[PDB]
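Q: Encoded as structure tokens, here's the structure I'll be asking about.
What is reported rests on the model, the rules as stated and the sources as named; these are not laboratory values. Heads up, the Cβs are rebuilt from the backbone with ideal geometry, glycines too, and the neighbour counts pull from every protein chain shown.
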Amino acid sequence: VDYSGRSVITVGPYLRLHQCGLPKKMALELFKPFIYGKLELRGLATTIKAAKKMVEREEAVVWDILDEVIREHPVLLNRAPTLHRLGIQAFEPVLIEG
Amino acid sequence: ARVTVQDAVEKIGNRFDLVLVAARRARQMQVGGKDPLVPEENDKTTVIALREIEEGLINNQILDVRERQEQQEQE
Amino acid sequence: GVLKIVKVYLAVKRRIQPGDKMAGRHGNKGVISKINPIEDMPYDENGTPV
Amino acid sequence: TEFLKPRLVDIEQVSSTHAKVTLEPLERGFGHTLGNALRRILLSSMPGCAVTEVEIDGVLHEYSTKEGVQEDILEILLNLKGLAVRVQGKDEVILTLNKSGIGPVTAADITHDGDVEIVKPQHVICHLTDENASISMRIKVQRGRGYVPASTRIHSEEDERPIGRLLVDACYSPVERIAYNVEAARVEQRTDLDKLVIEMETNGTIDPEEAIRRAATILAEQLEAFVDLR
Amino acid sequence: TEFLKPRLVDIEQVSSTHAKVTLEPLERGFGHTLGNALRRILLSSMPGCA
Amino acid sequence: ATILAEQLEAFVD
Amino acid sequence: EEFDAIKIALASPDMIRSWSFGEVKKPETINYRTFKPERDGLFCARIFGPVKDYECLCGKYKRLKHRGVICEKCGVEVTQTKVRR
Amino acid sequence: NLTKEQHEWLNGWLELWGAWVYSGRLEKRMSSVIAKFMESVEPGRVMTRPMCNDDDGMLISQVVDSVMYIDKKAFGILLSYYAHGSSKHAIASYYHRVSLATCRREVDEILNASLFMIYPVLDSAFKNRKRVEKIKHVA
Amino acid sequence: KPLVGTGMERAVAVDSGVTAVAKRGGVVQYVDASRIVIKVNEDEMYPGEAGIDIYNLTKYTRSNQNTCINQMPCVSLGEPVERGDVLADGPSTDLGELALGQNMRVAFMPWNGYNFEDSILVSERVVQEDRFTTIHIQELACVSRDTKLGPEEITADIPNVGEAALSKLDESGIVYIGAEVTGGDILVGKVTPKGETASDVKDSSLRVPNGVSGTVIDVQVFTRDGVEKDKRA
Amino acid sequence: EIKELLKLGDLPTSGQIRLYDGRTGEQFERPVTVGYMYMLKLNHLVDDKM
Amino acid sequence: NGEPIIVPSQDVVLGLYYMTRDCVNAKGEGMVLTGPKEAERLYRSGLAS
RNA sequence: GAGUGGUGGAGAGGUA
Ligand SMILES: [Zn+2]
């Protein structure tokens, strides 16, 4: 399936029950057409090639647009072997580096 | 509903009808551009529609008679 | 069906970061969770932080 | 309000690096508060000079070697990262090390300028083995705080990089170890007062009363946000 | 060598005897310094009568 | 805060 | 495009012929130098449609304007490349 | 009007720019394996147009985004002329169908006006750029 | 080294054949960072030979799992060694003992949840001392294949590119020895004749894969007899 | 034999010392075990994994 | 089973066990307190374990 | 009408 990342897990004790710490790099990759849409909506992007290269240059306006896109938009943290029903849970992601 | 939607569950009665009516309202806000009647506090359309249903300005038959009313005043 | 072959060699330097697996010799594997500062690490009364 | 104020009464130097300092008199209960606060600030936020860019002649990347020397170029960069420099006037200087002949290359062989002081004249860097071998490196010493590494400085550098400017990580903090003790003060009329015995261990480049003064100014200017605004 | 001064961004006054001083942003490992120093002073050193 | 600032008021610049 | 039951049964030879688009008559798959498929081979473009998007083999028709025509020098039908599968 | 060597200079530059921005859409002609190897063995009339190294393209996209925000129709016809390859006869018929000779006239004069606005700011944006020098060695 | 060992470490590092163990005892004549030479004892010398062994060392060569392998000498000049002694340490050897990881101060306590279910919380000074920064040497290859429209060209007159990419390369279309590259930059500028023999329009240069950084320690060029070389070769 | 070695080293014989807390300055209530375990770093690096 | 799956596990459990267990005569036993606020003020000040 | 190939398949080893 498309739109899918993978990483090593770690422990966040500072979170709440509905939050997971997505990395910056994976989130910027996963939400790429959402970033294109917000860039064209905010008048900075006019064409798909300019949006592609503005993401692949990784500007501070792209980091702000990602921080606005992520806001209350859940992601499903699957783990395999997904034996029982609760092996897929959806969390509202918070941005971290790393 | 920004952490737990159980208040919207008690308002509707069922999770699947909650998802369906909130999807109807969020589609009306993203396509039709209708105004969210709760103050938005910089939120997305899905959580805005869940907060609408959670407050109680919209149910399934409320949205149905509202769309039928705008239909008959359009025609 | 080749003409000339050029081979290069890149050499990164991989520092540790949250996610690099670590383990002692006795099967106590782990994954590094936070790189705390020196002041937040616990010390002892002589002054040497763990 | 029956409080008092402390002063630096006796500053003993056990050596050139390891040196304790007293504080007297502190109020009741304040000892661990000031000691832990000065520990956190004195370990995190002190300014010290360190090696940043090393420029050896005839060496392209840091993973090569050179005939005549014994320690490899990564070993030389580590032994240069351990260096302890004290500049006075400028905030960015360039030293020079030139030496030929069989024998080890100490840190005392750097042709120093007037305002730079190399405080470790037995810091070894190289072991020149051939008498026809030479080494001419040009070090660059900035001044900052904290830890700024090579990855973030290659990302953040807007200038170009000629092949030869080898980038060394920056360990800027000259404080390595600090411990405080809350004794019982010898006050002739009070028994409920205490002294704070901070036991620093520096890089040799920082002056302990100056370090304590700077950490105190950092703490006071941080607390001014609580004092003035609400 | 210049430090980040904060702005006191919030006093969420819950009741007349309640507060929550949201405060941002500080240098890495300075929130614990200010918080612990103020907490120990407010616990065991603040003058008053009862 | 002013208790701690007046406590540290001695050896500053 | 809206089915509601998947019906299965045996296949009459007339049904197999009416599915088909031409008999393959040669075991040669493609050529080895000029990599176009042969005539009546196992990838024969006269049977299994075009290879490029809105083209013929000889390159006479190159445009959507010839929506579906038959190239007289190759026998192929210009469509989109979806009909190849 | 404008001199003709400047005219062919802007023709080549915006042609290269339209060829750059045409290689980014999704609904595009995806080839098979066999057509790919026939093209690599013996090509026909499948040749492409040159693009940029995307920083020159970035700055010229930035100048056309800055000046061409006030006009939607000229931006649309320069896109559909420079990216797809439609003729002025074709876009004139396409805009008249939803007279036609005056439609051709107004699309060519709005193209002339948009080029007259974009040219001198493009010359200044070209001359105020530092060329990044080649890699050097210090000993 | 490990402080708590088993005495099999010298066995593993000697018999694993990766250090430079001496063949006949003597004194060292000249030790370098690249190679160690030794003058043999006259007792342990046969007179038919010349009496000098040479120990070349393999500096910074790629392993089979892309890790680094090098050989720093452990003896200094004017230092007698015997037969069966170690002279140059391998990739993870300290003085002929096996030395795989580093030994570091450990406290056994829960710490605000940050070591929860087999997790490890590491101080800053482990990073600041650079105790755990390994070296990963990665090989990227470029081949000049041969289509039937001409051989592919390794050259720096590539079309459709500018000074944001070509500025690291030389005139020959090949990266210098020592330029620090980042992901997606051109290492070897390869181009292929598109039409028959511009007409070399397709640009098939190498790029660093996204996530790889660092220096270019070596470029090795092979050829077939039939193509004439360039300035870089 | 290990406790004999520790008594030679002028250390607490049980190995447990009394660590402090670098975060809030104060003391951990119970003695904490501190020593030098030989940590590896395995070949499962998070840059190759993500 | 209708028994919750968000159970604390081993470290939260060691902490809550160490909170809610009691010694005999540790430090400041037999005091009388207005409530949790004064009790936590006592513990963070260190006058009662 | 405007860049480009592993999946395919085998074998071996590894992680949870
Ligand atoms: Zn044809």
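Q: What number goes with the only condition from (1) under 18 Å from the mean Cα position of the chain (by Cα); (2) away from every other protein chain (no Cβ under 13 Å); (3) not in a loop (DSSP other than H, G, I, E, B) that residue D:89 does not pass?
A: (3)
Q: What are the residues in the stretch H:8-45 that are within 11 Å of RNA strand L (Cβ to nearest atom), charged (D, E, K, R) and more than 14 Å from residue A:48 (Cβ to Cβ), if any?
A: Listed by number, the residues that qualify are H:15, H:29, H:36, H:39, H:45.
Q: Have a look at D:66, D:20 and point out the one that is basic (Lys, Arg) and not assigned by CATH to the domain that holds residue D:131.
A: D:20
Q: Let me ask something additional. Based on this model, can you work out whether residue H:54 counts as away from RNA strand L (no atom under 11 Å from the Cβ), more than 30 Å from residue G:31 (Cα to Cα) and within 14 Å of chain I (Cβ to nearest Cβ)?
A: Yes.
Q: So, one more: Which numbered condition trips up residue I:6, out of (1) under 30 Å from residue J:22 (Cβ atoms); (2) exposed (fewer than 15 other Cβ atoms within 10 Å of the Cβ)?
A: (1)
Q: Of (1) more than 14 Å from chain I (Cβ to nearest Cβ); (2) within 16 Å of the ligand (Cβ to nearest atom); (3) acidic (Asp, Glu), residue H:39 satisfies all except one. Which?
A: Condition (1) is where residue H:39 drops out.
Q: What tally of residues in the stretch A:19-49 results from selecting those that are in a helix (DSSP H, G or I) and within 13 Å of chain H (Cβ to nearest Cβ)?
A: Looking only at that region, the number is 7.
Per-residue answers, yes or no, for (1) at the interface with chain J (Cβ under 9 Å from one of its Cβ atoms); (2) under 23 Å from residue A:6 (Cα atoms); (3) buried (at least 21 other Cβ atoms within 10 Å of the Cβ):
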site: C:35; (1), (2), (3): no, yes, no
site: C:40; (1), (2), (3): yes, no, yes
site: C:43; (1), (2), (3): yes, no, yes
site: C:48; (1), (2), (3): no, no, no
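Q: Assess whether residue C:36 counts as being of a type in the set (S, T, N, Q) and within 17 Å of the chain's Cα centre (by Cα). So that I can check it myself, show each step before the final result.
A: Values: of a type in the set (S, T, N, Q): yes; within 17 Å of the chain's Cα centre (by Cα): yes.
Yes.
Q: Within the stretch D:164-188, work out how many residues are closer than 28 Å to residue I:129 by Cβ and of a type in the set (A, V, I, L, M, F, W, C).
A: Of the residues in the stretch D:164-188, 8 are closer than 28 Å to residue I:129 by Cβ and of a type in the set (A, V, I, L, M, F, W, C).
Q: Give me the pairs: first residue in the stretch H:100-123 and aromatic (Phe, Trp, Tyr), second residue part of a helix (DSSP H, G or I), beta-carbon distance under 8 Å, and six or more apart or on different chains, which are they?
A: That search, which allows pairs on different chains as well, returns H:119/H:6; H:119/H:10.
Q: Same structure, new question: Evaluate the following for residue G:57: is it surrounded by 12 or more Cβ atoms within 10 Å (Cβ to Cβ), within 16 Å of RNA strand L (Cβ to nearest atom), within 12 Å of chain H (Cβ to nearest Cβ) and under 30 Å from residue H:45 (Cβ atoms)? Steps first, please.
A: Values: surrounded by 12 or more Cβ atoms within 10 Å (Cβ to Cβ): yes; within 16 Å of RNA strand L (Cβ to nearest atom): yes; within 12 Å of chain H (Cβ to nearest Cβ): yes; under 30 Å from residue H:45 (Cβ atoms): yes.
Yes: the conditions hold for residue G:57.
Q: For residues that are under 20 Å from residue A:92 (Cα atoms) and among the β-branched types (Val, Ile, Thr), tally how many sit in the stretch B:13-52.
A: 5
Q: Filter the stretch E:1-42 for residues that are of a type outside the set (D, E, K, R) and crowded, with 16+ Cβ neighbours inside 10 Å and give the result.
A: E:6, E:23, E:26, E:29, E:30, E:32, E:33, E:34, E:36, E:37, E:38, E:41
Q: Which one is farthest from the other protein chains (Cβ to nearest Cβ) among residues in the stretch G:32-54 that are more than 11 Å from RNA strand L (Cβ to nearest atom) and charged (D, E, K, R)?
A: Within the stretch G:32-54, the match that is farthest from the other protein chains (Cβ to nearest Cβ) is G:40.
Q: While we're on this one: With the checklist (1) surrounded by fewer than 10 Cβ atoms within 10 Å (Cβ to Cβ); (2) in a helix (DSSP H, G or I) in hand, flag the one item residue G:47 doesn't pass.
A: It is condition (1) that residue G:47 fails.
Q: Let me ask you something else. Which of the residues that make up the stretch H:30-64 are over 13 Å from the mean Cα position of the chain (by Cα), outside any loop (DSSP other than H, G, I, E, B) and of a type in the set (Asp, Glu)?
A: Across the stretch H:30-64, the qualifying residue is only H:39.
Q: Now, a different point. Can you go through G:26, G:7, G:62 and tell me which one is of a type in the set (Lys, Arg), closer than 30 Å to residue H:86 by Cα and either within 16 Å of the ligand (Cβ to nearest atom) or assigned to a loop (DSSP other than H, G, I, E, B) (or both)?
A: Being of a type in the set (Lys, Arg), closer than 30 Å to residue H:86 by Cα and either within 16 Å of the ligand (Cβ to nearest atom) or assigned to a loop (DSSP other than H, G, I, E, B) (or both) holds for just one of G:26, G:7, G:62, which is G:62.
Q: Could you list all residues from the stretch G:60-69 that are exposed (fewer than 14 other Cβ atoms within 10 Å of the Cβ) and away from RNA strand L (no atom under 13 Å from the Cβ)?
A: G:67, G:68, listed by residue number.
Q: Next question, about the same structure. Being part of a loop (DSSP other than H, G, I, E, B), over 18 Å from residue J:32 (Cβ atoms) and touching a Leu at 6+ places or on another chain (Cβ under 8 Å) is the filter here, so list the residues in the stretch I:71-123 that pass it.
A: Of everything in the stretch I:71-123, those that are part of a loop (DSSP other than H, G, I, E, B), over 18 Å from residue J:32 (Cβ atoms) and touching a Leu at 6+ places or on another chain (Cβ under 8 Å) turn out to be I:71, I:74, I:75, I:92, I:100, I:101.
Q: Looking at I:164, I:156, I:141, can you tell me which residue is of a type in the set (A, V, I, L, M, F, W, C) and in a strand (DSSP E or B)?
A: Residue meeting the stated conditions: I:141.
Q: Please go through the stretch H:5-29 and pick out each residue that is surrounded by 17 or more Cβ atoms within 10 Å (Cβ to Cβ) and in a loop (DSSP other than H, G, I, E, B).
A: H:22
Q: Scan the stretch I:174-212 for residues that are touching a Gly at 6+ places or on another chain (Cβ under 7 Å) and more than 22 Å from residue I:157 (Cβ to Cβ) and jot them down.
A: Matches in the stretch I:174-212: I:180, I:183, I:209, I:210, I:211, I:212.
Q: Being in contact with a strand residue (DSSP E or B) (Cβ under 9 Å, 6 or more places away or on another chain), of a type in the set (A, V, I, L, M, F, W, C), farther than 30 Å from residue D:211 by Cα and at the interface with another protein chain (Cβ under 9 Å from one of its Cβ atoms) narrows it down to one of D:73, D:135, so name that one.
A: D:73
Q: Another question about this same structure. Can you pull out the residues in the stretch G:29-59 that are closer than 12 Å to residue G:75 by Cβ and away from the ligand (no atom under 16 Å from the Cβ)?
A: G:40
Q: Further question on the same structure: Could you please find all residues in the stretch A:1-18 being charged (D, E, K, R) and either in contact with a strand residue (DSSP E or B) (Cβ under 7 Å, 6 or more places away or on another chain) or within 11 Å of another protein chain (Cβ to nearest Cβ) (or both)?
A: Correct list: A:6, A:16.
Q: Within the group J:23, J:18, J:30, which residue is surrounded by 14 or more Cβ atoms within 10 Å (Cβ to Cβ), under 17 Å from the mean Cα position of the chain (by Cα) and among the basic types (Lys, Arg)?
A: J:18
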